[PDB]
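*Asks:* Attaching a single structure in structure tokens format; questions to follow.
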Amino acid sequence: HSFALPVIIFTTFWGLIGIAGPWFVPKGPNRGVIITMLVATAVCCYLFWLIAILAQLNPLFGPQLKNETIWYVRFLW
Amino acid sequence: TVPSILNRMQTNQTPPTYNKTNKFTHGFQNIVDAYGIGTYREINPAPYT
Amino acid sequence: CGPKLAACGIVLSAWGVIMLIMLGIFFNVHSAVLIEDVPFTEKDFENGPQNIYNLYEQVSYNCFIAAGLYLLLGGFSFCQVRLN
Amino acid sequence: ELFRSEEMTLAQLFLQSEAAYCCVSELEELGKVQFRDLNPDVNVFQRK
């Protein structure tokens, strides 16, 4: 397994919404609104998710836990 | 019988700014308009909004 | 009653059931994030997870019973909203 | 298209006095026109 597979899945998912979505919109007065909504949704969702998942890569320091939680990490999981 | 036909004008001042809207887009237009109204044919902030 | 109270009782019923059942789930899976909510003592670390698992069952039952009170509030409120 | 403000035309008309009332009403039912005021002197007794 590699992190590249998730990245390609997310990029394909939002890329289709932001391209193929627009290419299936009908003709009508709302067309420009619908296209703008699809594109802006894909760009904001993609960028926001991508930043969060990238920031979780290679953590420079891990979590620090309370004494009791460290004792429970012996047995709960 | 007189049809009261109009003509287009040439000595034109800048017309009042308009955008058509629906139940969804109206609110998003209002929160822009509440701060300011574009010049004629200006880009509308609302669809991005 | 009055419709104001019935509407509040609907909102409270929905919220209460949603949160308390979701807590019931996290307590039944023994989720680590819920440790601070479990009302254990310094002696409950004896032998292993046995005491904390028994307390996880008790707090799951607490939330399940409380969700039952919100279901009763709901059924009352869904009548009263039509009657007032 | 709503990406920019929609195209507007200033127009002038010669309006027949009997039809005028009906014309204004059809325009108000249509709801797509704004009247330019031609009377800076308009007031309670100056309104035609």
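Values in this text are rule-based calculations from the coordinates and carry no lab data. Counting neighbours? That spans all protein chains shown, and the Cβs are built from the backbone with ideal geometry, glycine included.
*Asks:* Restricting the search to segment A:30-77, which residues are within 14 Å of another protein chain (Cβ to nearest Cβ) and of a type in the set (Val, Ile, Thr)?
*Replies:* Within segment A:30-77, A:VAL33, A:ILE34, A:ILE35, A:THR36, A:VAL39, A:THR41, A:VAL43, A:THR69, A:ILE70, A:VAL73 qualify.
*Asks:* Would you mind telling me which numbered condition in (1) part of a loop (DSSP other than H, G, I, E, B); (2) more than 16 Å from A:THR69 (Cα to Cα); (3) within 14 Å of chain A (Cβ to nearest Cβ); (4) not acidic (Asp, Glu) C:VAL38 fails?
*Replies:* It is condition (2) that C:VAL38 fails.
*Asks:* Still on this model: Within segment A:7-42, which residues are surrounded by 12 or more Cβ atoms within 10 Å (Cβ to Cβ) and basic (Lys, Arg)?
*Replies:* A:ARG31
*Asks:* Can you list the helices (runs of 4 or more DSSP H) found entirely within chain A that contain at least 3 residues being of a type outside the set (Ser, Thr, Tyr), under 11 Å from the mean Cα position of the chain (by Cα) and closer than 30 Å to B:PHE24 by Cα?
*Replies:* The helices (runs of 4 or more DSSP H) meeting that bar are A:4-23, A:31-55.
*Asks:* When you scan segment B:11-30, how many residues do you find that are at the interface with chain D (Cβ under 9 Å from one of its Cβ atoms) and more than 15 Å from A:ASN30 (Cα to Cα)?
*Replies:* Qualifying residue count, segment B:11-30: 7.
*Asks:* While we're looking at this one, here's another question. Between a residue in segment D:1-30 that is within 11 Å of chain B (Cβ to nearest Cβ) and surrounded by 10 or more Cβ atoms within 10 Å (Cβ to Cβ) and any residue that is assigned to a helix (DSSP H, G or I) and β-branched (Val, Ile, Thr), which pairs come within a Cβ distance under 9 Å, given they are 6 or more apart or on different chains?
*Replies:* Sorted first by the residue in segment D:1-30, then by its partner, the pairs are D:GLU1/A:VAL33; D:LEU2/A:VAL33; D:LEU2/A:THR36; D:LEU2/B:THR25; D:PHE3/A:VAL33; D:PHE3/A:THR36; D:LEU15/D:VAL24.
*Asks:* Given (1) of a type in the set (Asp, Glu); (2) surrounded by 13 or more Cβ atoms within 10 Å (Cβ to Cβ); (3) within 9 Å of another protein chain (Cβ to nearest Cβ), identify the lone condition not met by B:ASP33.
*Replies:* Unmet condition: (3).
*Asks:* Within segment C:19-27, does at least one residue satisfy the condition of being surrounded by fewer than 16 Cβ atoms within 10 Å (Cβ to Cβ), more than 30 Å from A:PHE75 (Cα to Cα) and either free of Cβ contacts under 8 Å to residues at least 40 places away in the same chain or polar (S, T, N, Q) (or both)?
*Replies:* no
*Asks:* Here's a check for you: in segment B:1-30, which residue that is of a type in the set (A, V, I, L, M, F, W, C) and outside any loop (DSSP other than H, G, I, E, B) is surrounded by the fewest Cβ atoms within 10 Å (Cβ to Cβ)?
*Replies:* Top of the filtered list is B:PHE24.
*Asks:* May I ask you to verify whether D:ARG47 is more than 12 Å from chain B (Cβ to nearest Cβ) and among the basic types (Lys, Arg)?
*Replies:* For D:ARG47, the condition - more than 12 Å from chain B (Cβ to nearest Cβ) and among the basic types (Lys, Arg) - is met.
*Asks:* Of these, C:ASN47, C:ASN62, C:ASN51, which one is exposed (fewer than 14 other Cβ atoms within 10 Å of the Cβ) and polar (S, T, N, Q)?
*Replies:* The match here is C:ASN47.
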